């Protein structure tokens, strides 16, 4: 896994809601996370997951102590909470009086994600979405659920980083070569990769390179998703 002192180095300025013990408890729901492959592969997977988490929750500024990548895990809830984030569904019905705005380390959003995430975790997140912003174990589990779950045609980010996803010829033709860049593409490639404004993807890479440096691992190849088409 990762030790308490290293978690406290990566996340030196975090919101104290996000405890190390909560992260460790959540990771036990997905025992292959960070335990797959040799030491370099494990370190890159952990750095990659934390880079995305940090991008989505960062409270940094350019002159912040320890630099602009040292302020991950500051945010819990989406700040703009007026829309319900509800698309009508017979499988995952929007609960009366509830909203599905972003919550937790990967900003889980929409009834159509809270539904299946809760089903997989054995939790009624569809009818109690506020659980994600109440309980840091649940919060971390929702982020790991996303990271560990394939959604065809997309592989899991876990499988990409650990060598368990081999691209098809169409993937390769589209520039989807395994590495950090493909994880950005999976998470939000329609807006952030290809010809999207690359500011946000570049920020994710900045966090990733910082965390790789702190963990003592090379970031590897194929970091940039501007050279890459979103999955169909």
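Positions refer to the first chain, counted from 1.
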- prompt: On average, are the C-alpha B-factors higher in 131-139 or in 74-82?
  reply: 74-82
message: Using only C-alpha atoms and the B-factors in the entry, which stretch averages higher, 20-28 or 220-228?
response: 220-228
task: Select one of 191, 182, 53, 47: the residue whose C-alpha shows the highest B-factor in the crystal structure entry.
output: 191
task: Using the temperature factors in the entry, find which of 117, 95, 148, 160 has the highest value at its Cα atom.
output: 95
field: Chain-wide C-alpha B factor ranking for residue 178, given as lowest, middle or highest third
entry: middle
- request: Relative to the other modelled residues of the same chain, rank the CA B-factor of residue 214 and answer lowest, middle or highest third.
  value: middle
message: Going by the CA temperature factor in the PDB record, which third of the chain does residue 106 belong to: lowest, middle or highest?
response: lowest
field: Modelled-residue ranking by C-alpha temperature factor, third containing residue 37
entry: middle
message: Splitting the chain's C-alpha B-factors into thirds, which one does residue 172 fall into?
response: highest
